[PDB]
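Participant: PDB entry and its sequence, pasted below:
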Amino acid sequence: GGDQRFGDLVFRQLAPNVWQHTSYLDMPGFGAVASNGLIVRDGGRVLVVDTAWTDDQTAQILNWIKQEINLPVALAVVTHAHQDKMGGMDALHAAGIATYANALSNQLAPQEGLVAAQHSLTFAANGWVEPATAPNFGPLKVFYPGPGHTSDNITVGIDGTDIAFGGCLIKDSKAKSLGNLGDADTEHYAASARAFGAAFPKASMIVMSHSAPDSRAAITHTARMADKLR
Ligand SMILES: C[C@H](CS)C(=O)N1CCC[C@H]1C(=O)O
Ligand SMILES: [Zn+2]
Ligand SMILES: [Zn+2]
């Protein structure tokens, strides 16, 4: 279709200023598993959502940005303390990029075998990021929907687009399962999925970690599967 290959990664333009990055990691019982994040150009800078699985892959994301956009990466926000989302933090840091995560992600990252972000986000009781903790986030709208896939999972909308990113909270409309639930909050998951949908009620393109972009039926379907856990 429109997928651009760059080394071992894939880049898909979703909107004029927005690309999805995709990287892969072998896992037993699963094969080579895709993880998606985002790249957003905001004026004269670039914003990244999530690393790739590894430092090397993350450096390749930066190389793609250099080749295709050739503007500084002002910051990255990473959406929970798992390897697919934070595996590449040292590559961002080597590159001089300021990093942000949920406070709880930074607290958990060491024991997860991950490097913490440099800056912690905290969230109002209504789930919206406290805006003073997310300086220079431009069009990124960061929302904590409650515990679900993990206790620390956060989501991101993009102002001026029809896109909302569910990270590993949301699976596609035909997904057979919710994946590994080892760190999940099975009581709260369905509500958290629905809270994501309600935070971004206008988004028609739902982007997520482990499926291609889908309609909002991804949210309804994920929530319906999560209903079965409680
Ligand atoms: C390591 C990642 C973190 S979200 C994971 O748990 N995955 C990646 C694909 C599905 C699921 C699994 O192993 O069940
Ligand atoms: Zn995860
Ligand atoms: Zn994941």
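Facilitator: It's in. Residues are numbered from 1 along each chain as shown. Ligands and ions are numbered 1, 2, ... in the order given.

Participant: Check the protein for the residue nearest ligand 3 and tell me.
Facilitator: Nearest residue of the chain to ligand 3: residue 168, at 3.5 Å (C-beta to the ion). All C-beta spots, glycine's among them, are computed from the backbone N, C-alpha and C.

Participant: got the contact list for that residue?
Facilitator: 79, 80, 82, 84, 85, 149, 150, 153, 179, 208, 209, 210 (C-beta atoms under 8 Å, 6 or more residues apart in numbering).

Participant: helix or strand for the last one, which one?
Facilitator: I take that to be residue 210. According to DSSP states H and E, residue 210 maps onto no helix or strand at all.

Participant: That one: neighbour count?
Facilitator: Residue 210 has 17 neighbouring residues, counting by other C-beta atoms under 10 Å.

Participant: Tell me the one of the contacts of residue 168 nearest ligand 2?
Facilitator: residue 82 (3.4 Å).

Participant: Kindly report the residues of the chain close to ligand 2.
Facilitator: By C-beta under 5 Å from the ion, the residues of the chain that approach ligand 2 are 82, 168.

Participant: Looks to me like the residue of the chain closest to ligand 3 is in a helix.
Facilitator: Yes - using DSSP: H, G, I helix; E, B strand; the rest coil, the assignment for residue 168 is a helix.

Participant: Same list (the contacts of residue 168) but as JSON lines, adding secondary structure and distance to residue 8.
Facilitator: Formatted as JSON lines, these follow (DSSP: H, G, I helix; E, B strand; the rest coil; distance: C-beta to C-beta, whole Å):
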{"residue": "79", "secondary structure": "coil", "distance to residue 8": "22"}
{"residue": "80", "secondary structure": "coil", "distance to residue 8": "23"}
{"residue": "82", "secondary structure": "coil", "distance to residue 8": "20"}
{"residue": "84", "secondary structure": "helix", "distance to residue 8": "15"}
{"residue": "85", "secondary structure": "helix", "distance to residue 8": "18"}
{"residue": "149", "secondary structure": "coil", "distance to residue 8": "25"}
{"residue": "150", "secondary structure": "coil", "distance to residue 8": "26"}
{"residue": "153", "secondary structure": "coil", "distance to residue 8": "26"}
{"residue": "179", "secondary structure": "coil", "distance to residue 8": "22"}
{"residue": "208", "secondary structure": "coil", "distance to residue 8": "21"}
{"residue": "209", "secondary structure": "coil", "distance to residue 8": "17"}
{"residue": "210", "secondary structure": "coil", "distance to residue 8": "17"}
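
Participant: Which residues are in contact with residue 25?
Facilitator: 32, 33, 35, 53, 54, 83, 84.

Participant: Sorry, slip of the keys, the one I care about is residue 152.
Facilitator: Residue 152 neighbours (C-beta under 8 Å, 6+ apart): 80, 81, 101, 102, 104, 105, 108.

Participant: The lengthiest helix in the chain: what's the following helix or strand?
Facilitator: Taking DSSP state H as the criterion, the chain has its longest helix at helix 55-68. Once the chain leaves helix 55-68, the next helix or strand it forms, by DSSP H and E, is strand 73-78.

Participant: Which residues of the protein lie near ligand 1?
Facilitator: 27, 33, 82, 83, 84, 168, 179, 180, 210 (C-beta under 6 Å from any ligand atom).

Participant: can you rerun that using 5 Å?
Facilitator: Residues of the chain found near ligand 1 (C-beta under 5 Å from any ligand atom) are 33, 82, 84, 168, 179, 180.

Participant: Wait, residue 164 touches residue 207, no?
Facilitator: Yes - assessed by C-beta atoms under 8 Å, residue 164 is found in contact with residue 207 at 7.1 Å.
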